[PDB]
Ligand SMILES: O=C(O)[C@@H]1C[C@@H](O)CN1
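Let's start with one chain on its own, the form solved without the ligand, as C-alpha cells.
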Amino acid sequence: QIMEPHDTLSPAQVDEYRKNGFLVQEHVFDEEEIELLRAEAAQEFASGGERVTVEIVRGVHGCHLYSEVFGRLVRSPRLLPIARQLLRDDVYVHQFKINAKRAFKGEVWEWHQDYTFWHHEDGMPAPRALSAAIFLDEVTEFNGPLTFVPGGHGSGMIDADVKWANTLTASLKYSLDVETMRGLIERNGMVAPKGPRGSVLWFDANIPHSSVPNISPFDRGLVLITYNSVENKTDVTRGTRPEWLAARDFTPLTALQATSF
C-alpha cells in the first residue's frame, strides 16, 4: 500500500508565503476526507468538556491529543512535509483548534497576532511557527473568512494591551490598537483568502488577522493545526496553560505511512 510521495511547495509558493505571510493550496483533501473530519469535529464538540468554547459550541482545543483521527491528521503526508519545509526543522503541534462559524452566526474577531499570545502565555521564544487551516467548507466573501494584513508579519510583534488567554474568547487578552492597525493597513492593505472545501490555508504565527460573522446560509468550519519548530519549543517553565492549549511534548512528528489498517 502506497502514500503519494511527499509533495512540497515550489520556490514560488515558498516566496509567496514568506512575502505575504499566508498561502492557499486548493483541494488538498477530497470530499470524503473532509466529511470524515467534519464528523470527528462534531464528536469533539460533543465530548470536549472543558476544551470546548461556547457562545452554542463555537470551538474546541487540543483534539489531536484525544482523537485518533486528528492525531493521524497532524502527521498527514499532505501537511507534515510542508510544515517541515517552511519552518526548516522537525516540527511538533503547539496548538490544535476547530473554529466553527455556523450559517447566519458568529461574532467579530478582533485583530491579533497568534505569536503575541504564544510568546507571552507559553514562552515561545521566536515566531518560527505557522498554522494550517483546513477548509471544511468553501470559504467565501460572506461566511466570515480569516482576513489578514499581507506582509504584516514582517515587523515582528506589535505592542498589544494585556487584559488563560484564548484566541477563541470574546475579548482577546492581547488585541491591537486602532493606531497600530491603521498604519499597518494603510501601508499593506487587507486580504481575505478564499478557497474550495478541502483547501489548506497556511499562515505565519505573526501575521495580524481578524474575521467577521457569517451572513451566508452555509457553515464555515476550519480545522487549525499550529506547527512549531522543535528547536523553537516553548519554555514550559514560563508557561502555565494546559497541554490542550500549549503542547509540552516536543517529540518530532513522523509522517503517516499507508498500512493495512
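Shifts are known only where both forms have a C-alpha. Position 1 is the first residue in the sequence shown; the rest follow in order. Just so we're on the same page, rigid core means the largest C-alpha set that superposes within 1.5 Å between forms.
Keep in mind that the form solved in complex with the ligand is missing from the display, and what follows is about it.
This form has no room for the ligand: after superposition of the C-alphas round the site, using its pose in the entry with it bound, 3 or more of its atoms sit within 2.4 Å of a backbone or C-beta atom.
The chain is drawn here without the ligand; in the entry with it bound, the stretch among 113 to 121, 187 to 195, 80 to 88, 149 to 157 whose residues come within 4.5 Å of it by any heavy atom is 113 to 121.
Residue contact with the ligand in the entry with it bound: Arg128 places no heavy atom within 4.5 Å of it. Though the partner is left out of this view, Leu168 does reach within 4.5 Å of the ligand in the entry with it bound, counting heavy atoms only. At a distance threshold of 4.5 angstroms between non-hydrogen atoms, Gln95 is in contact with the ligand in the entry with it bound. The shortest heavy atom separation between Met181 and the ligand in the entry with it bound exceeds 4.5 Å. Contact residues in stretch 172 to 191 (any heavy atom within 4.5 Å of the ligand, taken in the entry with it bound) are limited to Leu172. Shifted region between this form and the one not shown (3+ consecutive residues, every CA moving 2 Å or more on the core fit): 165 to 168 alone.
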